[PDB]
Each structure stands twice: as C-alpha cells, then as structure tokens.
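Asks: Just input_2.csv, nothing more (CSV, N, CA, C and O atoms):
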chain,number,residue,atom,x,y,z
Y,1,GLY,N,2.9,12.4,11.0
Y,1,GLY,CA,4.4,12.6,10.9
Y,1,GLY,C,4.9,12.0,9.6
Y,1,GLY,O,4.9,10.8,9.3
Y,2,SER,N,5.5,12.9,8.8
Y,2,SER,CA,6.0,12.6,7.5
Y,2,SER,C,7.2,11.7,7.7
Y,2,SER,O,7.4,10.7,7.0
Y,3,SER,N,8.1,12.1,8.6
Y,3,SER,CA,9.3,11.3,8.8
Y,3,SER,C,10.1,11.0,7.5
Y,3,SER,O,9.8,9.9,6.9
Y,4,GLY,N,10.9,11.9,7.1
Y,4,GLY,CA,11.7,11.6,5.9
Y,4,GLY,C,12.7,12.7,5.6
Y,4,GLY,O,13.3,13.3,6.6
Y,5,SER,N,13.0,13.0,4.4
Y,5,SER,CA,14.0,14.0,4.0
Y,5,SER,C,13.9,14.4,2.5
Y,5,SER,O,13.1,13.7,1.8
Y,6,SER,N,14.6,15.4,2.1
Y,6,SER,CA,14.6,15.9,0.7
Y,6,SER,C,15.9,15.5,0.0
Y,6,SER,O,16.9,16.2,0.2
Y,7,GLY,N,15.8,14.5,-0.9
Y,7,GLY,CA,17.0,14.1,-1.6
Y,7,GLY,C,17.9,13.3,-0.8
Y,7,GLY,O,17.6,12.9,0.3
Y,8,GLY,N,19.1,13.0,-1.4
Y,8,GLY,CA,20.1,12.3,-0.6
Y,8,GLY,C,20.8,13.1,0.5
Y,8,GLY,O,20.5,14.2,0.7
Y,9,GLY,N,21.7,12.4,1.1
Y,9,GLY,CA,22.4,13.1,2.2
Y,9,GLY,C,22.2,12.4,3.6
Y,9,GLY,O,21.3,12.8,4.3
Y,10,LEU,N,23.1,11.4,3.9
Y,10,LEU,CA,22.9,10.7,5.2
Y,10,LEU,C,23.9,11.3,6.2
Y,10,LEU,O,25.1,11.3,6.0
Y,11,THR,N,23.3,11.8,7.3
Y,11,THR,CA,24.1,12.4,8.4
Y,11,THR,C,24.3,11.4,9.5
Y,11,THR,O,23.4,11.0,10.2
Y,12,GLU,N,25.6,11.0,9.7
Y,12,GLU,CA,26.0,10.0,10.7
Y,12,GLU,C,25.3,8.7,10.5
Y,12,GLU,O,24.4,8.6,9.6
Y,13,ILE,N,25.7,7.7,11.3
Y,13,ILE,CA,25.1,6.3,11.1
Y,13,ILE,C,23.6,6.4,11.4
Y,13,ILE,O,23.1,6.9,12.4
Y,14,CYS,N,22.8,5.8,10.6
Y,14,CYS,CA,21.3,5.7,10.7
Y,14,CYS,C,20.9,4.6,11.7
Y,14,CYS,O,20.3,4.9,12.7
Y,15,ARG,N,21.3,3.4,11.4
Y,15,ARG,CA,21.0,2.3,12.2
Y,15,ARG,C,19.6,2.4,12.8
Y,15,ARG,O,19.4,3.0,13.9
Y,16,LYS,N,18.6,1.8,12.1
Y,16,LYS,CA,17.2,1.9,12.5
Y,16,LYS,C,16.7,0.5,12.9
Y,16,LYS,O,17.1,-0.5,12.3
Y,17,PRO,N,15.9,0.4,13.9
Y,17,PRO,CA,15.3,-0.8,14.4
Y,17,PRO,C,14.3,-1.4,13.4
Y,17,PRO,O,13.7,-0.7,12.6
Y,18,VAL,N,14.1,-2.8,13.5
Y,18,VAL,CA,13.2,-3.5,12.6
Y,18,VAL,C,11.8,-2.9,12.7
Y,18,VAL,O,11.4,-2.4,13.8
Y,19,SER,N,11.0,-2.9,11.6
Y,19,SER,CA,9.7,-2.4,11.6
Y,19,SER,C,8.9,-3.0,12.8
Y,19,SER,O,9.1,-4.1,13.2
Y,20,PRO,N,7.9,-2.2,13.3
Y,20,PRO,CA,7.1,-2.6,14.4
Y,20,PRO,C,6.1,-3.6,14.0
Y,20,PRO,O,5.4,-4.2,14.9
Y,21,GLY,N,6.0,-3.9,12.7
Y,21,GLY,CA,5.1,-4.9,12.3
Y,21,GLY,C,3.8,-4.3,11.8
Y,21,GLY,O,3.0,-5.0,11.0
Y,22,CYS,N,3.5,-3.1,12.2
Y,22,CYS,CA,2.3,-2.4,11.8
Y,22,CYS,C,2.5,-1.6,10.5
Y,22,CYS,O,3.6,-1.0,10.3
Y,23,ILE,N,1.5,-1.6,9.6
Y,23,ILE,CA,1.6,-0.9,8.4
Y,23,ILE,C,1.2,0.6,8.6
Y,23,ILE,O,0.3,0.9,9.3
Y,24,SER,N,2.0,1.5,7.9
Y,24,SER,CA,1.8,2.9,8.0
Y,24,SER,C,1.4,3.5,6.7
Y,24,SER,O,0.5,4.3,6.6
Y,25,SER,N,2.1,3.1,5.6
Y,25,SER,CA,1.8,3.6,4.3
Y,25,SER,C,1.8,2.4,3.3
Y,25,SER,O,2.0,1.2,3.6
Y,26,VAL,N,1.4,2.7,2.0
Y,26,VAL,CA,1.4,1.7,1.0
Y,26,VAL,C,2.6,0.8,1.0
Y,26,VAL,O,2.4,-0.4,1.2
Y,27,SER,N,3.8,1.3,0.8
Y,27,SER,CA,5.0,0.6,0.8
Y,27,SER,C,5.0,-0.5,1.9
Y,27,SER,O,5.1,-1.7,1.7
Y,28,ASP,N,4.8,0.0,3.2
Y,28,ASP,CA,4.8,-0.9,4.3
Y,28,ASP,C,3.9,-2.1,4.1
Y,28,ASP,O,4.2,-3.2,4.5
Y,29,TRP,N,2.8,-1.8,3.4
Y,29,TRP,CA,1.8,-2.9,3.1
Y,29,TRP,C,2.3,-3.8,2.0
Y,29,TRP,O,2.1,-5.0,2.0
Y,30,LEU,N,2.9,-3.1,1.0
Y,30,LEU,CA,3.4,-3.9,-0.2
Y,30,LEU,C,4.6,-4.8,0.3
Y,30,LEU,O,4.7,-5.9,-0.3
Y,31,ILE,N,5.3,-4.4,1.3
Y,31,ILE,CA,6.4,-5.2,1.8
Y,31,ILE,C,5.9,-6.4,2.6
Y,31,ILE,O,6.4,-7.5,2.6
Y,32,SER,N,4.8,-6.1,3.4
Y,32,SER,CA,4.3,-7.1,4.3
Y,32,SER,C,3.6,-8.2,3.5
Y,32,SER,O,3.3,-9.3,4.0
Y,33,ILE,N,3.4,-8.0,2.2
Y,33,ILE,CA,2.9,-9.0,1.3
Y,33,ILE,C,3.9,-9.7,0.5
Y,33,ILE,O,3.7,-10.7,-0.1
Y,34,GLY,N,5.1,-9.0,0.4
Y,34,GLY,CA,6.2,-9.6,-0.4
Y,34,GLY,C,6.2,-9.1,-1.9
Y,34,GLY,O,6.6,-9.8,-2.8
Y,35,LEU,N,5.6,-7.9,-2.1
Y,35,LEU,CA,5.5,-7.3,-3.4
Y,35,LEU,C,6.0,-5.8,-3.4
Y,35,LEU,O,5.4,-4.9,-3.9
Y,36,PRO,N,7.2,-5.6,-2.7
Y,36,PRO,CA,7.7,-4.2,-2.6
Y,36,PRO,C,8.3,-3.7,-3.9
Y,36,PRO,O,8.8,-2.6,-4.0
Y,37,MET,N,8.2,-4.6,-4.9
Y,37,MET,CA,8.7,-4.2,-6.3
Y,37,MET,C,7.7,-3.3,-7.0
Y,37,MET,O,8.0,-2.9,-8.1
Y,38,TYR,N,6.6,-3.0,-6.3
Y,38,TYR,CA,5.6,-2.2,-6.9
Y,38,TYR,C,5.5,-0.8,-6.2
Y,38,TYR,O,4.9,0.1,-6.6
Y,39,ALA,N,6.2,-0.8,-5.0
Y,39,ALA,CA,6.2,0.4,-4.2
Y,39,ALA,C,6.3,1.7,-5.1
Y,39,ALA,O,5.5,2.6,-5.0
Y,40,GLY,N,7.4,1.7,-5.8
Y,40,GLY,CA,7.7,2.8,-6.7
Y,40,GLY,C,6.7,2.9,-7.9
Y,40,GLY,O,6.5,4.0,-8.4
Y,41,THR,N,6.2,1.7,-8.3
Y,41,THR,CA,5.3,1.6,-9.4
Y,41,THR,C,4.0,2.3,-9.1
Y,41,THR,O,3.7,3.3,-9.8
Y,42,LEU,N,3.3,1.8,-8.1
Y,42,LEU,CA,2.0,2.4,-7.7
Y,42,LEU,C,2.2,3.9,-7.3
Y,42,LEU,O,1.4,4.8,-7.6
Y,43,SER,N,3.3,4.1,-6.5
Y,43,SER,CA,3.5,5.4,-6.0
Y,43,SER,C,3.6,6.5,-7.1
Y,43,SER,O,3.2,7.6,-7.0
Y,44,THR,N,4.2,6.0,-8.2
Y,44,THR,CA,4.3,6.9,-9.4
Y,44,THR,C,3.0,7.2,-10.1
Y,44,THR,O,2.7,8.3,-10.6
Y,45,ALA,N,2.1,6.2,-10.0
Y,45,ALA,CA,0.8,6.3,-10.6
Y,45,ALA,C,-0.1,7.2,-9.8
Y,45,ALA,O,-1.2,7.6,-10.2
Y,46,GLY,N,0.3,7.5,-8.6
Y,46,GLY,CA,-0.5,8.3,-7.7
Y,46,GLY,C,-0.8,7.6,-6.3
Y,46,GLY,O,-1.2,8.3,-5.4
Y,47,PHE,N,-0.6,6.3,-6.3
Y,47,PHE,CA,-0.9,5.5,-5.1
Y,47,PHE,C,0.1,5.9,-4.0
Y,47,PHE,O,1.1,5.2,-3.8
Y,48,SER,N,-0.3,6.9,-3.3
Y,48,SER,CA,0.6,7.4,-2.2
Y,48,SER,C,-0.1,7.2,-0.8
Y,48,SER,O,0.5,7.1,0.2
Y,49,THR,N,-1.4,7.1,-0.8
Y,49,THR,CA,-2.2,6.9,0.4
Y,49,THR,C,-2.7,5.5,0.5
Y,49,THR,O,-3.0,4.8,-0.5
Y,50,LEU,N,-2.8,5.0,1.7
Y,50,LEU,CA,-3.2,3.6,1.9
Y,50,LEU,C,-4.7,3.5,1.7
Y,50,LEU,O,-5.3,2.4,1.9
Y,51,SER,N,-5.4,4.6,1.4
Y,51,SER,CA,-6.8,4.6,1.2
Y,51,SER,C,-7.1,4.0,-0.2
Y,51,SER,O,-8.2,3.4,-0.3
Y,52,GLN,N,-6.2,4.1,-1.2
Y,52,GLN,CA,-6.5,3.6,-2.5
Y,52,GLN,C,-6.0,2.1,-2.5
Y,52,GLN,O,-6.4,1.4,-3.5
Y,53,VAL,N,-5.2,1.7,-1.6
Y,53,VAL,CA,-4.8,0.3,-1.5
Y,53,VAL,C,-5.9,-0.7,-1.4
Y,53,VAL,O,-6.1,-1.5,-2.3
Y,54,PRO,N,-6.8,-0.5,-0.4
Y,54,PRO,CA,-7.9,-1.4,-0.2
Y,54,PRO,C,-9.0,-1.2,-1.2
Y,54,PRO,O,-10.1,-1.8,-1.2
Y,55,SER,N,-8.7,-0.3,-2.2
Y,55,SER,CA,-9.7,0.0,-3.2
Y,55,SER,C,-9.1,-0.2,-4.6
Y,55,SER,O,-9.6,0.3,-5.6
Y,56,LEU,N,-8.0,-1.0,-4.6
Y,56,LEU,CA,-7.4,-1.4,-5.9
Y,56,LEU,C,-8.4,-2.0,-6.9
Y,56,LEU,O,-9.6,-2.1,-6.6
Y,57,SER,N,-7.9,-2.3,-8.1
Y,57,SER,CA,-8.7,-2.8,-9.1
Y,57,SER,C,-7.9,-3.4,-10.3
Y,57,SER,O,-6.8,-2.8,-10.6
Y,58,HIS,N,-8.3,-4.5,-10.9
Y,58,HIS,CA,-7.6,-5.1,-12.0
Y,58,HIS,C,-7.2,-4.1,-13.0
Y,58,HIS,O,-6.1,-4.2,-13.5
Y,59,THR,N,-8.0,-3.1,-13.2
Y,59,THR,CA,-7.7,-2.0,-14.2
Y,59,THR,C,-6.7,-1.0,-13.6
Y,59,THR,O,-5.8,-0.5,-14.2
Y,60,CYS,N,-6.9,-0.7,-12.3
Y,60,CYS,CA,-6.0,0.2,-11.6
Y,60,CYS,C,-4.5,-0.2,-11.7
Y,60,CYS,O,-3.6,0.6,-12.1
Y,61,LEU,N,-4.2,-1.5,-11.4
Y,61,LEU,CA,-2.9,-2.1,-11.5
Y,61,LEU,C,-2.4,-2.1,-13.0
Y,61,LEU,O,-1.3,-1.8,-13.3
Y,62,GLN,N,-3.3,-2.5,-13.9
Y,62,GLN,CA,-3.0,-2.5,-15.3
Y,62,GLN,C,-2.6,-1.2,-15.8
Y,62,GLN,O,-1.7,-1.1,-16.7
Y,63,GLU,N,-3.1,-0.1,-15.2
Y,63,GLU,CA,-2.8,1.3,-15.7
Y,63,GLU,C,-1.3,1.6,-15.2
Y,63,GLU,O,-0.6,2.3,-15.9
Y,64,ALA,N,-0.9,1.1,-14.1
Y,64,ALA,CA,0.4,1.3,-13.5
Y,64,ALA,C,1.5,0.6,-14.3
Y,64,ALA,O,2.6,1.1,-14.5
Y,65,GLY,N,1.1,-0.6,-14.9
Y,65,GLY,CA,2.0,-1.3,-15.7
Y,65,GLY,C,2.0,-2.8,-15.2
Y,65,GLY,O,2.7,-3.6,-15.9
Y,66,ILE,N,1.4,-3.1,-14.1
Y,66,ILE,CA,1.3,-4.5,-13.6
Y,66,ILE,C,0.4,-5.3,-14.5
Y,66,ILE,O,-0.8,-5.0,-14.7
Y,67,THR,N,0.9,-6.4,-15.0
Y,67,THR,CA,0.1,-7.3,-15.9
Y,67,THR,C,0.1,-8.8,-15.3
Y,67,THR,O,-0.8,-9.5,-15.4
Y,68,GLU,N,1.3,-9.1,-14.7
Y,68,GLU,CA,1.4,-10.5,-14.1
Y,68,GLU,C,0.2,-10.8,-13.3
Y,68,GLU,O,0.0,-10.5,-12.1
Y,69,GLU,N,-0.8,-11.6,-13.9
Y,69,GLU,CA,-2.0,-12.0,-13.3
Y,69,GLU,C,-1.7,-12.6,-11.9
Y,69,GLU,O,-2.6,-12.7,-11.1
Y,70,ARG,N,-0.5,-13.0,-11.7
Y,70,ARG,CA,-0.1,-13.6,-10.5
Y,70,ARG,C,0.1,-12.6,-9.4
Y,70,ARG,O,-0.2,-12.8,-8.2
Y,71,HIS,N,0.7,-11.4,-9.8
Y,71,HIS,CA,0.9,-10.4,-8.8
Y,71,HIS,C,-0.4,-9.6,-8.6
Y,71,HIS,O,-0.7,-9.2,-7.5
Y,72,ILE,N,-1.1,-9.3,-9.7
Y,72,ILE,CA,-2.3,-8.5,-9.6
Y,72,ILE,C,-3.3,-9.2,-8.7
Y,72,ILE,O,-3.9,-8.5,-7.9
Y,73,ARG,N,-3.4,-10.5,-8.8
Y,73,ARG,CA,-4.3,-11.2,-7.9
Y,73,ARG,C,-3.9,-11.1,-6.5
Y,73,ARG,O,-4.8,-11.0,-5.6
Y,74,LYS,N,-2.6,-11.2,-6.2
Y,74,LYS,CA,-2.1,-11.1,-4.9
Y,74,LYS,C,-2.4,-9.8,-4.3
Y,74,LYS,O,-2.8,-9.6,-3.1
Y,75,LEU,N,-2.1,-8.7,-5.0
Y,75,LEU,CA,-2.3,-7.3,-4.6
Y,75,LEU,C,-3.8,-7.1,-4.3
Y,75,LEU,O,-4.1,-6.6,-3.2
Y,76,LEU,N,-4.6,-7.4,-5.3
Y,76,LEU,CA,-6.1,-7.2,-5.1
Y,76,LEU,C,-6.6,-8.0,-3.9
Y,76,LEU,O,-7.5,-7.5,-3.2
Y,77,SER,N,-6.1,-9.2,-3.7
Y,77,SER,CA,-6.5,-10.0,-2.6
Y,77,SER,C,-6.0,-9.5,-1.3
Y,77,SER,O,-6.7,-9.5,-0.3
Y,78,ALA,N,-4.7,-9.0,-1.3
Y,78,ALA,CA,-4.1,-8.5,-0.1
Y,78,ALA,C,-4.8,-7.2,0.3
Y,78,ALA,O,-4.9,-6.9,1.5
Y,79,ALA,N,-5.2,-6.4,-0.7
Y,79,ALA,CA,-5.8,-5.1,-0.4
Y,79,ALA,C,-7.2,-5.3,0.2
Y,79,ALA,O,-7.6,-4.6,1.1
Y,80,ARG,N,-8.0,-6.3,-0.3
Y,80,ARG,CA,-9.3,-6.6,0.2
Y,80,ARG,C,-9.2,-7.0,1.7
Y,80,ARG,O,-10.2,-6.9,2.4
Y,81,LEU,N,-8.1,-7.6,2.0
Y,81,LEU,CA,-7.9,-8.1,3.4
Y,81,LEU,C,-7.5,-7.0,4.3
Y,81,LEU,O,-7.5,-7.2,5.6
Y,82,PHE,N,-7.1,-5.9,3.8
Y,82,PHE,CA,-6.7,-4.7,4.5
Y,82,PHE,C,-7.9,-4.1,5.3
Y,82,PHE,O,-8.6,-3.3,4.7
Y,83,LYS,N,-8.0,-4.5,6.5
Y,83,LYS,CA,-9.1,-3.9,7.4
Y,83,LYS,C,-8.7,-2.7,8.1
Y,83,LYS,O,-8.0,-2.8,9.1
Y,84,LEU,N,-9.1,-1.5,7.6
Y,84,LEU,CA,-8.7,-0.3,8.3
Y,84,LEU,C,-9.5,0.0,9.6
Y,84,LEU,O,-10.7,-0.4,9.7
Y,85,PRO,N,-8.9,0.6,10.6
Y,85,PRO,CA,-9.5,0.9,11.9
Y,85,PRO,C,-10.6,1.9,11.8
Y,85,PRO,O,-10.5,2.8,10.9
Y,86,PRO,N,-11.6,1.8,12.6
Y,86,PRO,CA,-12.7,2.7,12.7
Y,86,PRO,C,-12.3,4.1,13.2
Y,86,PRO,O,-11.2,4.3,13.8
Y,87,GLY,N,-13.2,5.1,13.0
Y,87,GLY,CA,-12.9,6.4,13.4
Y,87,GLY,C,-13.8,6.9,14.5
Y,87,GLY,O,-14.2,6.2,15.4
Y,88,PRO,N,-14.2,8.2,14.4
Y,88,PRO,CA,-15.2,8.8,15.4
Y,88,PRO,C,-16.6,8.2,15.3
Y,88,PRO,O,-17.4,8.6,16.1
Y,89,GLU,N,-16.8,7.3,14.4
Y,89,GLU,CA,-18.1,6.7,14.2
Y,89,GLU,C,-19.2,7.7,14.5
Y,89,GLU,O,-19.7,7.8,15.6
Y,90,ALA,N,-19.6,8.4,13.4
Y,90,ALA,CA,-20.7,9.4,13.6
Y,90,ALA,C,-21.0,10.1,12.3
Y,90,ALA,O,-22.0,10.1,11.7
Y,91,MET,N,-19.9,10.8,11.9
Y,91,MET,CA,-20.0,11.6,10.6
Y,91,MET,C,-20.1,10.7,9.4
Y,91,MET,O,-19.5,9.6,9.4
Y,92,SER,N,-20.8,11.2,8.4
Y,92,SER,CA,-21.0,10.4,7.2
Y,92,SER,C,-21.7,11.2,6.1
Y,92,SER,O,-21.2,11.4,5.0
Y,93,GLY,N,-22.9,11.6,6.4
Y,93,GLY,CA,-23.7,12.4,5.5
Y,93,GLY,C,-25.2,12.4,5.8
Y,93,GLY,O,-25.6,12.2,6.9
Y,94,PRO,N,-26.0,12.7,4.8
Y,94,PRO,CA,-27.4,12.8,4.9
Y,94,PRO,C,-28.0,11.4,5.1
Y,94,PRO,O,-29.1,11.3,5.8
Y,95,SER,N,-27.4,10.4,4.5
Y,95,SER,CA,-27.9,9.0,4.7
Y,95,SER,C,-27.1,8.3,5.7
Y,95,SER,O,-25.9,8.2,5.6
Y,96,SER,N,-27.8,7.7,6.7
Y,96,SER,CA,-27.1,6.9,7.7
Y,96,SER,C,-26.5,5.6,7.1
Y,96,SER,O,-26.9,5.1,6.1
Y,97,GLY,N,-25.5,5.1,7.9
Y,97,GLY,CA,-24.9,3.8,7.4
Y,97,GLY,C,-24.5,2.9,8.6
Y,97,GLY,O,-23.9,3.4,9.5
Here is the file; what I need is its structure written in the form of structure tokens.
Replies:
Amino acid sequence: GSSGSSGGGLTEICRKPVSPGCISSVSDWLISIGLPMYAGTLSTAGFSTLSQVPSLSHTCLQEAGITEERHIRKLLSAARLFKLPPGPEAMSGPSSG
C-alpha cells in the first residue's frame, strides 16, 4: 500500500492518529532514531527502500552530503540494529545458507 498523493491539495480535515510505533519506510526509521532531517536527503540520493537502510555505509552517507561524523555514526549504528523480519525461508539460490 503506497498510501499517499500526487502534489499538494488537502481535502477536508486530515487528523491522523499517532504512528503505530512500527517502521514502514526509511523515513519512519529515520524519525524513530531522531534524524528525520535526512529523510529528504537520502530519499533524493535514491534511498527509498528500507533495504538500503540496513546496508548503509560511511561512503553511502558521504555521497548524499552527510559529513557530521556524529550523525553518520548514529545512522550507520541504527541501520545495523535494524533487524528485518524473515520470509518464506527457503528460496536463495544454488548455494544453501
């Protein structure tokens, strides 16, 4: 579910309930860490999927524009702590894992 819209235009009062606490996309994760100031930063670099989040890198952030060794460390650390849920556990390839 994309759940969104194209451009501006608010129809009637939105009034939305507080987040469920669970992360859905990068942003949601960036906010849960207190670094939502990068949401648009990484998103612009291509970071749209939460798959690249847990795969960040000192160079990855540096490419986006992030230099603050204080923020980069937090992001890289927060990403490594991002434990994604398992799937159908079976498919993978020729080599078992």
Asks: Atom O of residue 76 in chain Y to atom C of residue 57 in chain Y: how many Å, to one decimal?
Replies: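 Interatomic distance, atom O of residue 76 in chain Y to atom C of residue 57 in chain Y: 8.2 Å.
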Asks: Could you please determine the separation between CA of residue 6 in chain Y and CA of residue 49 in chain Y in Å, to one decimal place?
Replies: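 Going from CA of residue 6 in chain Y over to CA of residue 49 in chain Y, I get 19.1 Å.
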Asks: Could you build a table of the residues in range 29-52 of chain Y lying no more than 9 Å from range 66-71 of chain Y, giving for each the nearest pair of atoms and their separation in Å rounded to one decimal place, using only C-alpha atoms, ordered by chain and ascending residue number, as CSV?
Replies:
residue,atom,partner,partner_atom,distance
Y:35,CA,Y:71,CA,7.7
Y:38,CA,Y:66,CA,8.3
Y:41,CA,Y:66,CA,8.4
Asks: List the neighbours of residue 36 in chain Y out to 12 Å using only C-alpha atoms; skip same-chain residues closer than 4 positions along the sequence, and give me the result as a PyMOL selection string.
Replies: chain Y and resi 25-32+40-43+71+75
Asks: When DSSP is applied to the backbone of this structure, which of chain Y are assigned alpha helix (DSSP H)? Write them out as a ChimeraX atom specification.
Replies: /Y:26-33,39-45,58-64,69-80
